[PDB]
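# what follows is a protein structure lacking sequence information:
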RNA sequence: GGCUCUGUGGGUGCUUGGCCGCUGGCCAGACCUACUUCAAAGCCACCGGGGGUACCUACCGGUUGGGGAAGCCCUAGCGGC
RNA sequence: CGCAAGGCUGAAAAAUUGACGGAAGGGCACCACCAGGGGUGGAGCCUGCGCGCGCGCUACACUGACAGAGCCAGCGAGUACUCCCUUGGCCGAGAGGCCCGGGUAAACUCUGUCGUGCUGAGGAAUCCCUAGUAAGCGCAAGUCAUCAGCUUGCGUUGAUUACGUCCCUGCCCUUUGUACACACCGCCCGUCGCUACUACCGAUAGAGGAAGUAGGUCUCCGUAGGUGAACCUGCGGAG
């Protein structure tokens, strides 16, 4: 099986490089299709590239289908997007403290298809092996400072990306009294996102919203009573977990039930949790001259 | 990877399973085998709203109930069950003052 | 390619053809009918045959060595041995083409890595 | 899946390889899978806790079968041996290595002796008798073996076909049949045919499983089901 | 005395003869070249993909000059349609 | 450059598909029951968060101390790594370097000496936990965010008790759909909205108020007509 996962990872990276080359070509093919239906004159290299003419007559249809959005991009999520329910486990670091254990239980309650596993003495390659063995969608680590969490590592499987993010301003579920809080309602939640426009922001939105089960589309606009919000300002994505009831047609009442984070992503690696040598995709560029002026996501 | 599934329909007749079998002198089925009509009673007849009479309605159990003979409370409760299913899926001065 | 570009059966059969060929490992991608037009190749089928695919998987040193081996009957794929050197390994069987059970080749590999388990 | 709803119930998982044999227990409480990751899995589904007890073997699993009185399971692996496990305490209670007991071979197009040939030395499919004491095993070979499950001895062996037209039905071929140009049952003899429909060779190259061409000269003998 | 190689015979599938112009002959062979009334039914027959077709070829439809089977007719013929 | 770019104005709906429930029946949950375990909360240290609160760390004796003997790991290699600050003295015109003083495991096993001796294991509550899990133990690293009052790895030793149940506490879902055989099941319930129609009430043909319902073939013959020998048609007859 591990042979199969290695083979698929290598073939996916090779198809990525092939898509890079073919997109460098198909930037030039699309000018030919647009100049055809319009009549505006085009560049002579485009007009006299004969191999481009043969290949264009072959492969018109995929560009048009991409324009109509009928087809999806070669991605780690478009294979199993909304067909299966992506189950996810949360663990702590090696020696968990009691507050980190309660916090992991809080976010295991936040994701409705999550299970929590104790680390104990569980070597991290055996963790990745067991996850790929039981077909888990995603894995989550947590690192405490002293009873307060500081880092998540959202890792997708079998070979997807990881997002390593630092946490601040966290308030745990397990500090308010049980007379005021209660058992959190486990329902399939809606998700709202705000501020993401770049391709990197879209990548983060995808690898975040592919941790939640897909919702039934027949009456999703009206039913459902629990929403999870991710807003970003100056690339520190802040997340709350609300549960709401709609007292009218023109007013709603909120009630904050989950933890609050302002997680700031400091790495996204194209390669899973065990692969420290995986090719990075974005990391928090500090110690440069303008790494604090530039705003990603 | 075999194929994506595509809808294929096959029509069945009322002829017996002894007409479904392959060509042989005497059937392997007994004397009870040979009267099974290859389609169920559910398909040879099923009471439904598209095959009821004019005034009467057919219920969920398959019993014809007449709209005349139903009382008002039965009509109200049946309307409620249907609604639950559907939910699951310049003037004059005198005219002003007086 | 000769159908009009907006035709539903053209799109469905294009995706079907590309998916079938990529799963059978002839092509390298699954997005270019042009790659079907001048990339599908008897050389591609030949390199998807068994001795060259085990050469790429480094079972043997050369393709001649691989053919000699699987003619001697050392190489199973899945659970059944293969004696024909023309078996076409697809992209799901490339992960399973291994040696046979009591092979002298398997013993020699184990003796090289000094993990020869005589049980 | 369930049969009364028609939709998929669940996707069980835990196997580091393709599953190759399945068996429900005749009392209707246990699933058993056997997969090429050298493992068997005692699945317990119908209780409130879906659990999976692993059974580690030495090689790939090729067949699983239940005793009728459901307390015993027998699994046939790729070495060619049968291991008899007890389903309550998941411990192996018996085992028989019947590689020599089933080895019958030398198909044409094989340059190994029938003694050394690998691929015909396992048990593809095993089944229990209706009494509960006699296991029957059959592999890709000329012999069907019939063991007992208490004394673990070879009660009886059978030969499936004395037909010489099939491939592996005698374990020692002869130099009379070997000519100078390879075996005399290997020269392509289609050309001296009078009908063009029999002269055409629409075979596909390297197609072990069925092709519409199906040259099929000297088919292999294999006890595919028992 | 041992290793190695090489050759011959038997076996590796259930035992009814060697040959021929075979109901008879021959294994030493023998005879040698005759006999004849009327050519033939048709179909099919696997070359890798896209592409040009000037030439040749295949197929179809024609054109000049001959050619006349067959069919039809009757003034009967070296006939006539 | 032009349009945008002129204030009956002065802060705090849709609905034939809609609103809220109830009863029954399921499924799931160490935020539930059940059996056990372990924290925190007692004393001191401190990061953190808002004097207080937790999180870690240390100490608190039978599981003892002392001395011998034996025997086990894994991840770790950037011409790189050092805990101070000083009394003196050597060689230093001067800046310094020297020399001497002061402030690859834990564990475990076996063998003996001695004997409980300020030399006391944490309330109410609340939280967590079900197999290489709890817990004990040390070694390494310090990886662009966080982390030395610590963080993350890695190995070692490794149990008790459930592994059933929806009874309590909750959460979800059925009562519509989504598939056909056998087989079963058999019209869940309430309060209103909205719509059509019907009539009613009273102020000025009229906007509101209140209410309910939804069966002569074949052959032959005699004919008459047709294109005549014949042949066809129609009719009337016999077989």
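Cool, the structure landed. Numbering: from 1, shown residues only, chains lettered A, B, ... in the order given.
# what ranges do the helices span in chain C?
Applying DSSP state H to chain C gives helices spanning C:8-23, C:33-38, C:42-47, C:50-56, C:63-72, C:104-112.
# with chain D instead?
Going by DSSP H, chain D shows helices at D:99-102, D:196-199.
# burial measure for the residue in the stretch 151-297 of chain A that chain B sits nearest to, as a count.
Distance from chain B to each residue of the stretch 151-297 of chain A (CB to the nearest CB) is smallest for residue A:218, at 7.5 Å. From N, CA and C alone the C-beta is placed, and that goes for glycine too. Using other CB atoms under 10 Å in any protein chain shown, residue A:218 has 10 neighbouring residues.
# helix or strand for it, which one?
Using DSSP states H and E, no element contains residue A:218; it sits outside every helix and strand.
# centroid-nearest residue for chain C?
residue C:89 (3.2 Å; CA atoms, centre = their mean).
# next, the contact list for that one, please.
C:25, C:48, C:49, C:50, C:53, C:54, C:77, C:97 (CB atoms under 8 Å, 6 or more residues apart in numbering or on different chains).
# do that again at 10 Å, thanks
C:24-25, C:48-54, C:57, C:77, C:82, C:95-97, D:206 (CB atoms under 10 Å, 6 or more residues apart in numbering or on different chains).
# in PyMOL, select just the buried ones from the residues you listed.
Entered in PyMOL, the line below selects the buried ones among those, by 16 or more other CB atoms under 10 Å in any protein chain shown:
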select buried, (chain C and resi 24+25+48+49+50+51+52+53+54+57+77+82+95+96+97) or (chain D and resi 206)
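# not counting its neighbours along the chain, what's nearest the residue nearest to the centre of chain C?
Among residues not flanking residue C:89 along the chain, residue C:53 sits closest, at 4.8 Å (CB to CB, 6 or more residues apart in numbering or on different chains).
# kindly provide the distance from the one you found to residue C:60.
11 Å (CB to CB, to the nearest Å).
# which neighbours do these two share?
residue C:66.
# around chain A, which positions in chain D sit nearby?
D:11, D:12, D:13, D:14, D:15, D:16, D:17, D:18, D:35, D:36, D:37, D:52 (CB under 10 Å from any CB of the partner chain).
# between these, which is nearest chain B?
residue D:18 (14.2 Å).
# how about the residues of chain C near chain B?
Of all the residues in chain C, those lying near chain B are C:12, C:15, C:16, C:19, C:20, C:23, C:24, C:90, C:92, going by CB under 10 Å from any CB.
# for the nearest residue to the fourth one once chain neighbours are set aside, what are its contacts?
Yep, that's residue C:19 we're talking about. In space, and not counting its chain neighbours, residue C:19 is closest to residue C:30: 6.0 Å by CB to CB, 6+ apart. Contacts were defined as CB under 10 Å, 6+ apart; by that measure residue C:30 touches A:15, A:18, A:74, C:15, C:17, C:18, C:19, C:20, C:21, C:22, C:23.
# hmm, which of the residues you listed are the buried ones?
Applying 16+ other CB under 10 Å to the contacts of residue C:30 flags A:15, A:18, C:15, C:18, C:21, C:22 as buried.
# coming back round to it: distance check, the residue nearest to residue C:19 against residue A:18.
Taking CB to CB, one finds residue C:30 at 10 Å from residue A:18.
# common neighbours of the two, please.
Taking CB under 10 Å, 6+ apart as the contact rule, residue C:30 and residue A:18 both touch residue A:74.
# dump the helices of chain C to TSV, plus distance to RNA strand E.
Formatted as TSV, these follow (distance: least, CB to the nearest atom of the strand, whole Å):
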stretch	distance to RNA strand E
helix C:8-23	14
helix C:33-38	9
helix C:42-47	9
helix C:50-56	21
helix C:63-72	20
helix C:104-112	20
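# winner for burial among those helices?
Most buried of these, by mean neighbour count (mean count of other CB atoms under 10 Å in any protein chain shown): helix C:50-56, with a mean of 20.
# packing partners for that one?
Applying 3 or more CB pairs under 10 Å, 6 or more residues apart in numbering or on different chains; DSSP states H and E, one finds that helix C:50-56 contacts helix C:42-47, helix C:63-72, strand C:75-77, strand C:97-99.
# ok and the longest one relative to helix C:104-112, angle-wise?
For the pair helix C:63-72 and helix C:104-112, the angle between their directions (axes from the mean of the first three to the mean of the last three CA atoms, to 10 degrees) equals 120 degrees.
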